[PDB]
Each structure stands twice: as structure tokens, then as C-alpha cells.
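J.: File name entry_8.cif; file contents mmCIF, C-alpha atoms; chains and numbers go by the auth columns; full text below.
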data_upload
loop_
_atom_site.group_PDB
_atom_site.id
_atom_site.type_symbol
_atom_site.label_atom_id
_atom_site.label_comp_id
_atom_site.label_asym_id
_atom_site.label_seq_id
_atom_site.Cartn_x
_atom_site.Cartn_y
_atom_site.Cartn_z
_atom_site.B_iso_or_equiv
_atom_site.auth_seq_id
_atom_site.auth_asym_id
ATOM 1 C CA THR A 1 37.182 10.429 31.725 0.00 359 N
ATOM 2 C CA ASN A 2 35.793 11.273 35.110 0.00 360 N
ATOM 3 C CA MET A 3 33.811 14.495 35.222 0.00 361 N
ATOM 4 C CA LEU A 4 36.612 16.681 36.582 0.00 362 N
ATOM 5 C CA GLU A 5 38.928 15.449 33.829 0.00 363 N
ATOM 6 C CA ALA A 6 36.195 16.180 31.282 0.00 364 N
ATOM 7 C CA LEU A 7 35.718 19.708 32.644 0.00 365 N
ATOM 8 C CA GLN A 8 39.484 20.310 32.509 0.00 366 N
ATOM 9 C CA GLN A 9 39.881 19.033 28.976 0.00 367 N
ATOM 10 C CA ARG A 10 37.025 21.194 27.709 0.00 368 N
ATOM 11 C CA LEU A 11 38.368 24.192 29.649 0.00 369 N
ATOM 12 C CA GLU A 12 41.748 23.676 27.979 0.00 370 N
ATOM 13 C CA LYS A 13 40.109 23.419 24.552 0.00 371 N
ATOM 14 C CA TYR A 14 38.358 26.760 25.062 0.00 372 N
ATOM 15 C CA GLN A 15 41.509 28.389 26.489 0.00 373 N
ATOM 16 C CA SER A 16 43.202 27.438 23.219 0.00 374 N
ATOM 17 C CA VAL A 17 40.368 29.035 21.225 0.00 375 N
ATOM 18 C CA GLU A 18 40.626 32.167 23.389 0.00 376 N
ATOM 19 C CA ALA A 19 44.373 32.348 22.802 0.00 377 N
ATOM 20 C CA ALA A 20 44.063 31.817 19.058 0.00 378 N
ATOM 21 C CA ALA A 21 41.444 34.575 18.852 0.00 379 N
ATOM 22 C CA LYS A 22 43.756 36.962 20.708 0.00 380 N
ATOM 23 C CA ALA A 23 46.551 36.041 18.272 0.00 381 N
ATOM 24 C CA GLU A 24 44.337 37.396 15.452 0.00 382 N
ATOM 25 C CA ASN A 25 43.029 40.410 17.433 0.00 383 N
ATOM 26 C CA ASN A 26 39.534 38.946 17.061 0.00 384 N
ATOM 27 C CA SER A 27 38.036 40.912 19.932 0.00 385 N
ATOM 28 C CA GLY A 28 34.538 39.449 19.813 0.00 386 N
ATOM 29 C CA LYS A 29 35.743 35.849 19.623 0.00 387 N
ATOM 30 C CA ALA A 30 38.284 36.394 22.397 0.00 388 N
ATOM 31 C CA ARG A 31 35.596 37.895 24.631 0.00 389 N
ATOM 32 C CA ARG A 32 33.143 35.084 23.836 0.00 390 N
ATOM 33 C CA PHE A 33 35.644 32.378 24.707 0.00 391 N
ATOM 34 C CA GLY A 34 36.999 34.284 27.706 0.00 392 N
ATOM 35 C CA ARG A 35 33.488 34.287 29.145 0.00 393 N
ATOM 36 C CA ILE A 36 33.204 30.558 28.409 0.00 394 N
ATOM 37 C CA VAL A 37 36.571 29.880 30.085 0.00 395 N
ATOM 38 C CA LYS A 38 35.428 31.789 33.170 0.00 396 N
ATOM 39 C CA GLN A 39 32.261 29.681 33.358 0.00 397 N
ATOM 40 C CA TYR A 40 34.246 26.435 33.168 0.00 398 N
ATOM 41 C CA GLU A 41 36.676 27.651 35.836 0.00 399 N
ATOM 42 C CA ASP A 42 33.707 28.575 38.052 0.00 400 N
ATOM 43 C CA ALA A 43 32.271 25.080 37.513 0.00 401 N
ATOM 44 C CA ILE A 44 35.588 23.489 38.492 0.00 402 N
ATOM 45 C CA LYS A 45 35.685 25.541 41.697 0.00 403 N
ATOM 46 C CA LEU A 46 32.250 24.170 42.613 0.00 404 N
ATOM 47 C CA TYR A 47 33.168 20.610 41.618 0.00 405 N
ATOM 48 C CA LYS A 48 36.316 20.764 43.773 0.00 406 N
ATOM 49 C CA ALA A 49 34.179 21.719 46.803 0.00 407 N
ATOM 50 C CA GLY A 50 31.562 19.010 46.165 0.00 408 N
ATOM 51 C CA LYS A 51 28.935 21.661 45.427 0.00 409 N
ATOM 52 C CA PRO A 52 26.189 21.668 42.768 0.00 410 N
ATOM 53 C CA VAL A 53 27.575 22.409 39.300 0.00 411 N
ATOM 54 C CA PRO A 54 25.300 24.250 36.772 0.00 412 N
ATOM 55 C CA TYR A 55 26.038 22.035 33.776 0.00 413 N
ATOM 56 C CA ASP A 56 23.034 23.520 32.003 0.00 414 N
ATOM 57 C CA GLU A 57 24.829 26.882 31.912 0.00 415 N
ATOM 58 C CA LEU A 58 28.190 25.598 30.562 0.00 416 N
ATOM 59 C CA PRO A 59 28.475 26.478 26.856 0.00 417 N
ATOM 60 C CA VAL A 60 29.444 23.830 24.296 0.00 418 N
ATOM 61 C CA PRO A 61 29.554 25.994 21.148 0.00 419 N
ATOM 62 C CA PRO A 62 28.852 24.302 17.804 0.00 420 N
ATOM 63 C CA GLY A 63 31.879 24.030 15.554 0.00 421 N
ATOM 64 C CA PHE A 64 34.574 24.002 18.255 0.00 422 N
ATOM 65 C CA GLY A 65 34.739 20.297 19.146 0.00 423 N
#
For the file at hand, write its structure as C-alpha cells.

T.:
Amino acid sequence: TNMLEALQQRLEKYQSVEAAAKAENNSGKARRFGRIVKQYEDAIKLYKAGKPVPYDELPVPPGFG
């Protein structure tokens, strides 16, 4: 992948986790992955403008691929 494709595919993975958590009313997990989704979307906004992306901040939680 290029980096934008990699950001999108990981975003989509975490959106799926967020949605599955909501489908179980797992409030903590939905909030955790909603925050992660927001961080990936913020990174994509920066990438799309050519601006510095804080990769060091982007979570990659163990156990979720």
C-alpha cells in the first residue's frame, strides 16, 4: 500500500470494531475505538494537505489486527 491507503484500511478496521462494540452496547470499547477512529481521521486530514502526520500518536491496539 501507499501510506494513505494504509491509513484508510486501518481506519476502516477500527470503524468496524467501533460498530461491533456499539452492536453489543459495550460503551467503553465503543468510546475507545471512537477516539481511535477520530485520531486516524485527523491524520488523514493532515496527510491530504501534505502536512506533518503524528504517527507516534496513532494507536495500533494489541489484539485487533

J.: Go through the shown structure with the PyMOL selection byres ((chain N and resi 365) around 12) and write out the matching residues as a PyMOL selection string.

T.: chain N and resi 359-364+366-372+394-395+397-406+411+413+416-418

J.: Take atom CA of residue N:390 and atom CA of residue N:423 and report the distance between them in Å, one decimal.

T.: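 Computing it gives 15.6 Å between the two atoms.
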
J.: If you measure from atom CA of residue N:373 to atom CA of residue N:396, what distance in Å do you get, rounded to one decimal?

T.: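 These atoms are spaced 9.7 Å apart.
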
J.: Just give me the gap between atom CA of residue N:415 and atom CA of residue N:391 in Å, one decimal is fine.

T.: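 A separation of 14.1 Å between them.
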
J.: Give me, as a PDB file with C-alpha atoms, keeping the file's coordinate frame, all polymer residues having an atom no more than 12 Å from residue N:378, counting all atoms listed in the file and skipping those fewer than 3 positions away in the same chain.

T.:
ATOM      1  CA  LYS N 371      40.109  23.419  24.552  1.00  0.00           C
ATOM      2  CA  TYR N 372      38.358  26.760  25.062  1.00  0.00           C
ATOM      3  CA  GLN N 373      41.509  28.389  26.489  1.00  0.00           C
ATOM      4  CA  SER N 374      43.202  27.438  23.219  1.00  0.00           C
ATOM      5  CA  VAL N 375      40.368  29.035  21.225  1.00  0.00           C
ATOM      6  CA  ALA N 381      46.551  36.041  18.272  1.00  0.00           C
ATOM      7  CA  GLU N 382      44.337  37.396  15.452  1.00  0.00           C
ATOM      8  CA  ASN N 383      43.029  40.410  17.433  1.00  0.00           C
ATOM      9  CA  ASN N 384      39.534  38.946  17.061  1.00  0.00           C
ATOM     10  CA  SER N 385      38.036  40.912  19.932  1.00  0.00           C
ATOM     11  CA  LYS N 387      35.743  35.849  19.623  1.00  0.00           C
ATOM     12  CA  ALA N 388      38.284  36.394  22.397  1.00  0.00           C
ATOM     13  CA  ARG N 389      35.596  37.895  24.631  1.00  0.00           C
ATOM     14  CA  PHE N 391      35.644  32.378  24.707  1.00  0.00           C
ATOM     15  CA  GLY N 392      36.999  34.284  27.706  1.00  0.00           C
TER      16      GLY N 392
END
